[PDB]
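Participant: Give the three-dimensional model of this entry:
(2 chains, ligands or ions: 2)
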2 protein chains.
Amino acid sequence: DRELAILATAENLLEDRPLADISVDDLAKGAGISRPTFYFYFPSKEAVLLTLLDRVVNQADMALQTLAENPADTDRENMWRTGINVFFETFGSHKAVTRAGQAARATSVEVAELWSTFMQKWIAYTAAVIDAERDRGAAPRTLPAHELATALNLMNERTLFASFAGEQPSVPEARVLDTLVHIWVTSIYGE
Amino acid sequence: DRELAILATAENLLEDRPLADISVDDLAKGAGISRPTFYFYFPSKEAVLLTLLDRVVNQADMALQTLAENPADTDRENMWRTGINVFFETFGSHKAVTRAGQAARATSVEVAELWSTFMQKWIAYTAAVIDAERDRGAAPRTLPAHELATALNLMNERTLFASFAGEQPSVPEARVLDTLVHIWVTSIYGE
Ligand SMILES: O=C(NCCC(F)(F)F)c1ccccc1
Ligand SMILES: O=C(NCCC(F)(F)F)c1ccccc1
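Facilitator: Numbering: from 1, shown residues only, chains lettered A, B, ... in the order given. Ligands and ions are numbered 1, 2, ... in the order given. Take a look at the structure below.
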């Protein structure tokens, strides 16, 4: 409960400044508690980011499980769009956590490992689906499915996050979904 | 001259530990000079990284100008491979600088702007070539050329650098060139 308060406060404060510029004291008063009461719920401001990013990533993950268990009744282009869109919408709704999470991969081993565990899972799911499409005679046996899936997933990570942070250069947010779908569909079905 | 010594020393020390863990004193003795003599050539260890990354990136840039002025006499797949290979070979030969440079984008505005200036130039060159291919009737008018070029360049940045750092996940270094060429050629020529 106070736990949700510290989390919401961190997400809000990260909408306006980096983690380096937010104090434990800043998070404490935000949730309406003392510095020492803060330390009962979290070991550090860094563990607060790790928890937010845990929640964002698991939300993406569950949303993609829900898609996998309940296929959308559509063509191959839309099957892939619906999947990429889990990442667009989920992270797109949590840009501050997304951006702060990505910078913490450099400094925090737990953040790096969390990102790494989920990226390995999403790449493995992507490759299994390409393999199914190949077994069905729907896609040609070009590159190793897992090598292809790895590059395409790395493209979506870099390209979504550049867009969300308004980096230069970046695809504009309103064009990025279509851009990625074109590259997935041409690279998975092209000869 | 002592300048080249500080640069070589920094590159060597970055083959073994991050910049955070290298002192000005560490760079100074490396080049066989005093701390204060160091400060005559460079304002900081951070300006030393900025200079290395300047050199790496300009080397990539000149190598791609040389390709553009002197076309390779080959099919479209090899034209693109020869281009992606400038980035593979150049950065691939300077992984420590590459990796330390990429982490410094987060903390250093000069590093971020340098990376941003060159990425904008390589994306602009990529789009002009796709446009030429389209004007020639060699590629179909699918996505906006600059949106396509931006995503494909962002894919090569993330995917090359994950490979070079042996990240998990990543395409293995010996498979990454072929992986990227397949995605460029299918996405640029596919309908
Ligand atoms: O879009 C994807 N991956 C991007 C994951 C991200 F953004 F890098 F975290 C994806 C799409 C369909 C099925 C599986 C994965
Ligand atoms: O491979 C490329 N871009 C990647 C640039 C990098 F790696 F991201 F720095 C490229 C290929 C052909 C022509 C122009 C650019």
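
Participant: C-alpha from now on. contacts and neighbour counts both.
Facilitator: Fine.

Participant: ok, and the closest non-adjacent residue to residue A:105?
Facilitator: Residue nearest to residue A:105 in three dimensions, not counting chain neighbours: residue A:112, with 4.5 Å by C-alpha to C-alpha, 6 or more residues apart in numbering or on different chains.

Participant: from memory that neighbour sits against residue A:106, does it?
Facilitator: Yes - using C-alpha atoms under 8 Å, residue A:112 is in contact with residue A:106, at 7.3 Å.

Participant: So which residues of chain A form helices?
Facilitator: Ranges of helices in chain A, per DSSP state H, are A:2-14, A:24-31, A:35-41, A:45-69, A:76-92, A:95-104, A:109-135, A:145-164, A:173-189.

Participant: Go through these and pick out the most buried.
Facilitator: helix A:145-164 (a mean of 22; mean count of other C-alpha atoms under 10 Å in any protein chain shown).

Participant: That helix and ligand 2 in contact?
Facilitator: No - judged by C-alpha under 6 Å from any ligand atom, helix A:145-164 and ligand 2 are separated, with a smallest distance of 10.8 Å.

Participant: Determine which of the helices of chain A approaches residue B:62 most closely.
Facilitator: helix A:145-164 (25.3 Å; C-alpha to C-alpha).

Participant: how far is the closest one from where the chain is centred?
Facilitator: Centre-to-centre, helix A:145-164 and its host chain are 11 Å apart (C-alpha atoms, centre = their mean, to the nearest Å).

Participant: Pick out the residue of chain A closest to chain B.
Facilitator: residue A:155 (4.1 Å; C-alpha to the nearest C-alpha).

Participant: contacting residues around the nearest residue to that residue once chain neighbours are set aside?
Facilitator: The shortest distance from residue A:155 to any non-neighbouring residue, by C-alpha to C-alpha, 6+ apart, is to residue B:155 (4.1 Å). By C-alpha atoms under 8 Å, 6 or more residues apart in numbering or on different chains, the residues touching residue B:155 are A:151-152, A:154-156, A:158-159.

Participant: quick one: residue A:189 from residue A:143, how far?
Facilitator: In this view, residue A:189 and residue A:143 are 11 Å apart by C-alpha to C-alpha, to the nearest Å.

Participant: And the residue of chain A closest to chain B, how far from ligand 1?
Facilitator: According to C-alpha to the nearest ligand atom, to the nearest Å, residue A:155 and ligand 1 sit 7 Å apart.

Participant: how much space is there between that residue and residue A:55?
Facilitator: Distance from residue A:155 to residue A:55, counting by C-alpha to C-alpha: 23 Å.

Participant: do residue A:140 as well
Facilitator: Counting by C-alpha to C-alpha, the gap from residue A:140 to residue A:55 is 37 Å.

Participant: Contact partners for residue A:178?
Facilitator: residue A:81.

Participant: how about 6 Å then?
Facilitator: With contact taken as C-alpha atoms under 6 Å, 6 or more residues apart in numbering or on different chains, residue A:178 is in contact with no other residue.

Participant: burial of residue A:142, as a residue count?
Facilitator: Per other C-alpha atoms under 10 Å in any protein chain shown, the neighbour tally for residue A:142 reads 15.

Participant: which one is it nearest to, not counting chain neighbours?
Facilitator: Nearest residue to residue A:142 in three dimensions, chain neighbours excluded: residue A:191, at 6.8 Å (C-alpha to C-alpha, 6+ apart).
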